[PDB]
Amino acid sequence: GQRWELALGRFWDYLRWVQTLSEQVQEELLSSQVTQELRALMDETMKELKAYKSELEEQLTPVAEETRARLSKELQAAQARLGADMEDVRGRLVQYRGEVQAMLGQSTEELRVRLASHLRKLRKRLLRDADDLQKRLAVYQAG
């Protein structure tokens, strides 16, 4: 697929691993390497998405401009939604790190169950927003 889709796919791969919540995952969550890596992948995805929209604007089927400006507005909204979803994933993981650090050496198991359920819901949101964004891009130049 497109460059931004490949960047998002790297985000997906890393997040799927994180969602296993293994001991390797826990190590990288508590050191903040997970959230730094997710930051980098998210920024790359958004950068490539902006560049891709800009290149799509070079091959537009001219429509009522009415329609073109409205569709550009909607596409920017979808982009912002994707960025915010990825930031919500990262922030939930930051929260988990802070909670684990606050409880000395006690069991994190209940924290991990709650985190896993919340991450499944955050992934569902990010995925439906990504699919919406792909469809808006696909129809963008077609008008």
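Quick note: we count residues from 1 along the sequence shown, nothing fancier.
Compared with other PDB entries of the same protein, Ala64 is missing from at least a third of those that resolve the residues around it. Higher average CA B factor: 129-137, of the stretches 5-13 and 129-137. Averaged over CA atoms, B-factors in the entry run higher in 55-63 than in the other of 55-63 and 30-38. Between the residues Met103, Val113, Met46, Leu93, it is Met103 that shows the highest Cα B-factor in the PDB record. In the PDB entry, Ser107 places in the middle third of its chain by CA B-factor. Per the deposited record, the Cα B-factor of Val89 falls in the lowest third when ranked against the other modelled residues of its chain. Among all modelled residues in this chain, the alpha-carbon of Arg70 has a temperature factor (C-alpha) in the highest third.
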